[PDB]
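A structural walkthrough
Spelled out, the chains give:
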Amino acid sequence: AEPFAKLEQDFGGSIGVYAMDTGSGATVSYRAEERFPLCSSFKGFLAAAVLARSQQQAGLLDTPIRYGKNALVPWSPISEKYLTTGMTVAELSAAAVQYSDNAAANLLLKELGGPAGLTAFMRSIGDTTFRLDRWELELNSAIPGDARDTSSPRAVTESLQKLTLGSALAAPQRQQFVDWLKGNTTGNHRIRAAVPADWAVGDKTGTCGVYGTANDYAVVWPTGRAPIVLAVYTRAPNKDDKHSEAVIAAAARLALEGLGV
């Protein structure tokens, strides 16, 4: 905690951390119930909402989605490649989670009834903090004090636990969510940078690009020890303040250490 204040101070902003040992029930909590913009991290919960809906609707994941060029907003690397052939709901989910593909995230949001639909899903699993108000990329304004498109490190951590380890998703969908998070390609310098290499890790990052606002949440499977669920979020007071993945990895190391992990 003292290390946390020191860390954010050196950072020049605020760092929010919540980590829980699903075995001992031990937790690390620093500014954990404060609101931080979700940025790109909402996409992970977006995929869960899709999986949850696929339970009551077989054939969803394989449903073909055709889209146009207008739909290719910034950072849609996968969507851009499959433009002429389109992508299935499952392929869009993998793209959104593992590459943070914005086009894919927006097409899936549309299928779930937009930001309100996803917010409603988080409500159904008992998350009362989470709120998505806009679509990519407008949701990245990260204006200080703005409650739109934010959640708490604690609410994110708890929801992630319900969806990956708990029973918020049927067994099959549960493992698919874990596998999509395990295959993430965008967070090698964040939480993943704080743990060994033999540890199985699944994560989803978030980067707003303004107000030094960045984040990452993950489920880490320590060797011989129960899995840990953690969320690390940051932000700063100045629009030009830059985020730092090193700060996120450092904060994650402190969280794990705090758990004696």
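Residues numbered from 1 in each chain as written, not as in the entry; some residues may be left out. Heavy atoms only, no water.

As summarised from the PDB record, the model derives from X-ray crystallography at a stated resolution of 1.850 Å.

The PDB entry annotates the protein chain as Carbapenemase of Klebsiella pneumoniae. Turning to the protein chain, the UniProt record has this under Sequence similarities (unreviewed entry): "Belongs to the class-A beta-lactamase family." (UniProt positions renumbered as here; feature names shortened; annotations may be inferred.)

What follows deals with the UniProt feature "domain: Beta-lactamase class A catalytic" (unreviewed entry) in the protein chain. As recorded in UniProt, the feature "domain: Beta-lactamase class A catalytic" (unreviewed entry) lies at residues 16-234. From the first C-alpha to the last, residues 16-234 spans 6 Å; its make-up is 34% helix and 19% strand. (Helix = DSSP H or I, 4+ residues; strand = E, 2+ residues; numbered from the N terminus.)

This brings us to the packing of helix α4 (residues 89-98) against helix α5 (residues 102-111). Two numbers describe how α4 lies on α5: the axes approach to 8 Å, and their chain directions differ by 130 degrees. Between α4 and α5, the crossing angle belongs to the class labelled oblique. Read as a crossing pair, α4 and α5 show a hand that is left-handed. Note on element contacts: α5 touches α4 through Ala104, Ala105, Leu107 and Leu108, opposite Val89, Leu92, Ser93, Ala95 and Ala96. Of the residues belonging to the contact of α4 with α5, the class tally is eight nonpolar, one polar and no charged. (Axes fitted to C-alpha atoms, helices over the stretch in contact; angles between N-to-C directions. Parallel < 35°, antiparallel > 145°, perpendicular 65-115°, else oblique. Left-handed = near helix turned anticlockwise from the far one by under 90°. Contact = heavy atoms within 4.5 Å. Nonpolar A, V, L, I, M, F, W, Y, C, P; charged D, E, K, R; others polar.)

Evaluation of the coordinates by the stated rule reveals one disulfide. Shown here is the disulfide that connects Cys39 with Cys208, its sulfur atoms set 2.0 Å apart. Residues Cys39 and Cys208 share a disulfide whose torsion about the S-S bond is about -100 degrees; that sign makes it left-handed. With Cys39 in the loop between β3 (36-37) and α2 (42-55) and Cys208 in the loop between β7 (200-207) and β8 (214-221), this pair connects stretches of sequence that are 169 residues apart. Each member of the pair, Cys39 as well as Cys208, carries the same accessibility label: buried. (Disulfide = S-S within 2.5 Å. Buried < 20%, exposed > 50% of the residue type's maximum accessible area, 1.4 Å probe, protein only.)

Now for the pattern of salt bridges. This structure, assessed with the given rule, holds eleven salt bridges. Linking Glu8 and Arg31 is a salt bridge whose minimum nitrogen-to-oxygen distance equals 2.9 Å. Linking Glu8 in helix α1 (residues 2-11) with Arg31 in the loop between β2 (27-30) and β3, this pair joins segments that are 23 residues apart in sequence. Residue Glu8 is classed as buried on the basis of its relative accessible area, which comes to 5%. By relative accessible area, which is 32% here, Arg31 ends up partly exposed. (Salt bridge = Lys/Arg side-chain N within 4 Å of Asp/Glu carboxyl O.)

Overall, antiparallel pairing links the five strands, which are arranged β2-β1-β9-β8-β7 in an open sheet. Unpaired on one side and paired on the other, β2 and β7 mark the two borders of the sheet. Averaged over all pairs of adjacent strands, the angle between strand axes in this sheet comes to 10 degrees, irrespective of strand direction. Sheet strands touched by helix α7 (residues 153-164): β1 (14-21), β8 and β9 (228-235). Its angle to β9, the strand with the most contacts, is close to 145 degrees. Each of β1, β2, β8 and β9 touches helix α9 (residues 245-258); the most contacted strand, β9, lies at about 140 degrees to it. (Pairing = 2+ DSSP bridges.)

Among the ten residues in α4, nine count as buried, and that is most of the element. Those residues of α4 that sit buried are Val89, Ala90, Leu92, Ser93, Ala94, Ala95, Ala96, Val97 and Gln98. Phi turns positive one or two residues past the end of α4, at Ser100, with a value near 60 degrees.

On to unusual backbone geometry, then. Along the chain, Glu136 connects to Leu137 via a cis peptide bond; the corresponding omega equals 0 degrees. Among the secondary structure elements, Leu137 is positioned in the loop between α6 (114-124) and β6 (150-151). Positive phi values are uncommon outside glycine, yet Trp75 reaches one of about 55 degrees. Counting through the fold element by element, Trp75 comes out in the loop between β4 (64-65) and α3 (77-81). Judged by relative accessible area, which is 59%, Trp75 ranks as exposed. Phi at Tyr211 takes a positive value of approximately 50 degrees, unusual for a residue other than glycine. Considering the arrangement of structural elements, one finds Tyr211 in the loop between β7 and β8. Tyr211 gets classed as buried once you look at its relative accessible area, which sits at 13%.

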